[PDB]
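Since the structure comes first, as structure tokens, the remarks are kept for the end.
Cβ atoms come from the backbone with ideal geometry, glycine included; neighbour counts cover every protein chain shown. Numbers and lists here come from the model and the stated rules, or from a named source; no laboratory instrument gave them.
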Amino acid sequence: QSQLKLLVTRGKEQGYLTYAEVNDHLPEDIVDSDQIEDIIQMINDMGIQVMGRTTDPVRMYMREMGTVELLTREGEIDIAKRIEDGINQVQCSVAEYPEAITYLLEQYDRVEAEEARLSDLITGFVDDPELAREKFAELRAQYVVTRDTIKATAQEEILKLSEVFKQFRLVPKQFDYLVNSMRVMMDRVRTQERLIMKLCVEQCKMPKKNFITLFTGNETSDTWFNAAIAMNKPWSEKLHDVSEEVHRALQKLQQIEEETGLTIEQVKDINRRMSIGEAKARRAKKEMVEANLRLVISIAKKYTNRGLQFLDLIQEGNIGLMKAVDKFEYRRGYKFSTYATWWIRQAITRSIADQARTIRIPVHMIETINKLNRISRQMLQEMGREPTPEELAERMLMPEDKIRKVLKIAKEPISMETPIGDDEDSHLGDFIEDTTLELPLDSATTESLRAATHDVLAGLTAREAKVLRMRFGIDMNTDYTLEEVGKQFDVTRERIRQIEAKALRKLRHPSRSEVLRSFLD
Amino acid sequence: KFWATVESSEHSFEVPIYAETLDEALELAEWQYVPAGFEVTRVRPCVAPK
Amino acid sequence: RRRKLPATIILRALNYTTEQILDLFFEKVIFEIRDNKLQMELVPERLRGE
């Protein structure tokens, strides 16, 4: 029951505290400068020092993942089941979209027309170029049979269309683009819907209760528009003012029913269904990862000192675990533990191979270095001192002259702030000389040489000076070709080339040449 | 306020102690000083002709 | 240089109950209730400085 005594007690038992900790606990009556700055002196006379949540995320992450309940052998099957139920739902949602099929057919029309490759359009269906060329025709056939049924008999063929479209394993990029296209189309639908909506409720003064009444099921026709406004309602006669805008913007709304080959009613349903599926999927998968977060740490504890931080390792490893959850199928019976282990380890190793170096080197380089490091172990005490630098790669399958270069670039650069001898503020980089700088003496000699050469060029004839300056970059930008010189000089060719040699001779004699001679040091 | 003269260690100094009475100022000083191992020497009222 | 702890802890960590600790650094003054209203065993040297 004292504030000060608490401050000093912490600062006595520990002995040792920081400015902030002292500022945290201060007498009720001390808020100001001399009332603290002196209290420090008071404290720094006895027990002298001056300078839950522990911060460092190594803790917080460990605790936050420490919450998550470990799975059960059967629970994994539950979650994976939720996954299966989730995904293939959005796959079916894709298969029920006409533009999704037509896009595939058109892109394949581009494939056979040599405007693109197969690898970009497919990974193979349930599995050959010929088999592909045929199976694709099967798909096209099941499309062209359902295309003419648009007239209650079509719901039967649409099933089989979905079936054959589902048999295709699309390139992930393409599938992504398809889903994107669908959702974007939905966003357009919402553009028109909201535009029409705000011209009634937000402007024209009319309830959303009555607005959606005749809206659902048509929205394209004038049943809710031309057959409505005459109804003698308080919100009815107000609809005349904007009646132009809505009717003009309705065209695109019914145009979507053409482009997508689906009524506005159906579109929203399909895309919403797909959203539900996707959400379900991710919802299960995350839950799968969070349970296995421990394995990642257990693996990462091996790779600690390789030049990456602990949390970096566990995060890259977490990404690996995510990949494992994405590519895993419980139907194969493979234990998820021993499976995902390799994935996490792979992500870790592959990442360390990359970002642990100031100068990043290719993977095969790292491996090639590793092998040499291993060979140099066995011959260490075997040779009595160490194997000669030119005896390593003999056992390696390469020209063997690499050992030098490989041993050279591999060494990491030394910290420029590394303390050098004398233990003073002297640091390594402080002794790094600037070579790229042009010393002032030389920079002066250059100016003097400019003036000198100018003077020597002032002695020749006007045309000799002009042509000799033109042959070089003297007092001009971009020294000109011997033909160009003539082009500017009128008379051309072998003429100019002569004057050059005629100038040099006149400047060769130790009268005009003696001045700049000493520059030849 | 009241300036309380506290002396400890190698040297001394005065710290402001707010209170409604000289006696109260002394009590609030000691309660907020003595237990830390700091000696309470003097207590003075703040003058300041105004 | 670590944080301060009560000395007796280092004894308890050596597996010594409170009795054993008190049975080391302190002598014993025996009290007898023989007959009634106690009594005390007295070593004449104990009376020094009191």
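So A:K302 clears everything in (1) closer than 30 Å to A:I87 by Cβ; (2) assigned to a loop (DSSP other than H, G, I, E, B) except one condition, right? Which one?
All conditions are met except number (1).
Could you grab the pairs with beta carbons closer than 6 Å, sequence gap of 6+ or different chains, first residue in the stretch A:41-54 and more than 9 Å from every other protein chain (Cβ to nearest Cβ), second one among the hydroxyl-bearing types (S, T, Y)?
What qualifies is A:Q49/A:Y16; A:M51/A:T18.
Looking only at the stretch A:1-20, count how many residues are farther than 16 Å from B:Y33 by Cα and surrounded by fewer than 17 Cβ atoms within 10 Å (Cβ to Cβ).
The qualifying residues number 7.
Can you confirm whether the stretch A:145-153 contains a residue that is over 25 Å from A:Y330 (Cβ atoms), part of a helix (DSSP H, G or I) and not acidic (D, E)?
Yes - at least one qualifying residue is present in the stretch A:145-153.
Give me a count of the residues in the stretch A:489-518 that are hydrophobic (A, V, I, L, M, F, W, C) and farther than 15 Å from A:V456 by Cα.
Qualifying residue count, the stretch A:489-518: 5.
Those residues that are facing chain B (nearest Cβ under 10 Å) and either over 20 Å from B:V6 (Cβ atoms) or out of contact with any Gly (no Cβ under 8 Å at 6 or more places or on another chain) (or both), I need them from the stretch A:1-13; list them, please.
If the condition is that a residue be facing chain B (nearest Cβ under 10 Å) and either over 20 Å from B:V6 (Cβ atoms) or out of contact with any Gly (no Cβ under 8 Å at 6 or more places or on another chain) (or both), then A:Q1, A:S2, A:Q3, A:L4, A:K5, A:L6, A:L7, A:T9 are the ones that fit.
Limited to the stretch A:107-122, what total is found for residues that are under 17 Å from A:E138 (Cα atoms) and within 26 Å of the chain's Cα centre (by Cα)?
The qualifying residues number 2.
Six or more apart or on different chains, Cβ under 6 Å: which pairs go from a residue in the stretch A:423-434 that's more than 18 Å from A:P413 (Cβ to Cβ) to one that's surrounded by 10 or more Cβ atoms within 10 Å (Cβ to Cβ)? Could you list them?
Matching pairs, first to second residue: A:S426/A:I420.
Pairs please, first residue from the stretch A:502-521 and on the phi > 0 side of the Ramachandran plot, second anywhere and surrounded by 13 or more Cβ atoms within 10 Å (Cβ to Cβ) and in a loop (DSSP other than H, G, I, E, B), Cβ atoms under 8 Å, 6+ apart in sequence or on different chains.
If the second residue must be surrounded by 13 or more Cβ atoms within 10 Å (Cβ to Cβ) and in a loop (DSSP other than H, G, I, E, B), no pairs are left.
Inspect all residues belonging to the stretch A:338-345 and state whether any of them is of a type in the set (V, I, T), in the same structural domain as A:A300 (by CATH) and surrounded by fewer than 14 Cβ atoms within 10 Å (Cβ to Cβ).
Yes, the stretch A:338-345 contains at least one residue that is of a type in the set (V, I, T), in the same structural domain as A:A300 (by CATH) and surrounded by fewer than 14 Cβ atoms within 10 Å (Cβ to Cβ).
Out of (1) exposed (fewer than 15 other Cβ atoms within 10 Å of the Cβ); (2) within 12 Å of chain A (Cβ to nearest Cβ); (3) out of contact with any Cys (no Cβ under 6 Å at 6 or more places or on another chain), what's the single condition that is false for B:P16?
Answer for B:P16: the failing condition is (1).
Looking only at the stretch A:194-209, filter to residues that are of a type outside the set (A, V, I, L, M) and part of a helix (DSSP H, G or I); which one of those is nearest to A:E106 (Cα to Cα)?
A:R194
Filter the stretch B:19-30 for residues that are of a type outside the set (G, A, S) and surrounded by 15 or more Cβ atoms within 10 Å (Cβ to Cβ); which is farthest from A:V8 (Cα to Cα)?
B:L26
Between A:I366, A:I361, A:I414, which is hydrophobic (A, V, I, L, M, F, W, C) and assigned to a helix (DSSP H, G or I)?
None of the other options fit; the residue is A:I366.
Residues of the stretch A:14-37 being more than 13 Å from chain B (Cβ to nearest Cβ) and either within 18 Å of B:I17 (Cα to Cα) or over 47 Å from the mean Cα position of the chain (by Cα) (or both), which ones?
A:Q14, A:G15, A:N23
Do the conditions hold for A:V126, that is, is it among the hydrophobic types (A, V, I, L, M, F, W, C), over 23 Å from A:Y177 (Cα atoms) and either in contact with an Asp or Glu (Cβ under 9 Å, 6 or more places away or on another chain) or assigned by CATH to the domain that holds A:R273 (or both)?
No.
Hey, could you check the stretch C:14-40 for residues that are among the aliphatic types (A, V, I, L, M) and over 19 Å from the mean Cα position of the chain (by Cα) and say which is farthest from the other protein chains (Cβ to nearest Cβ)?
Going through the qualifying residues, I end up with C:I33.
Looking at the stretch B:19-50, which of its residues are more than 12 Å from the chain's Cα centre (by Cα) and either under 19 Å from A:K5 (Cα atoms) or within 9 Å of chain A (Cβ to nearest Cβ) (or both)?
B:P35, B:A36, B:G37
Need at least 3 residues that are out of contact with any helix residue (DSSP H, G or I) (no Cβ under 9 Å at 6 or more places or on another chain) per element, so show me which helices (runs of 4 or more DSSP H) inside the stretch A:449-514 make the cut, counting only ones lying wholly within it.
A:494-506
Of all residues in the stretch A:155-193, how many are of a type in the set (A, V, I, L, M), under 26 Å from the mean Cα position of the chain (by Cα) and part of a helix (DSSP H, G or I)?
Summing the residues that are of a type in the set (A, V, I, L, M), under 26 Å from the mean Cα position of the chain (by Cα) and part of a helix (DSSP H, G or I) in the stretch A:155-193 gives 4.
Among the listed residues A:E386, A:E390, A:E400, identify the single one that is over 30 Å from A:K301 (Cβ atoms), under 40 Å from the mean Cα position of the chain (by Cα) and surrounded by 11 or more Cβ atoms within 10 Å (Cβ to Cβ).
Matching residue, one of A:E386, A:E390, A:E400: A:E400.
Quick check: is even one residue across the stretch A:244-262 over 30 Å from A:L178 (Cα atoms), out of contact with any helix residue (DSSP H, G or I) (no Cβ under 8 Å at 6 or more places or on another chain) and in a loop (DSSP other than H, G, I, E, B)?
No, there is no match, as no residue in the stretch A:244-262 is over 30 Å from A:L178 (Cα atoms), out of contact with any helix residue (DSSP H, G or I) (no Cβ under 8 Å at 6 or more places or on another chain) and in a loop (DSSP other than H, G, I, E, B).
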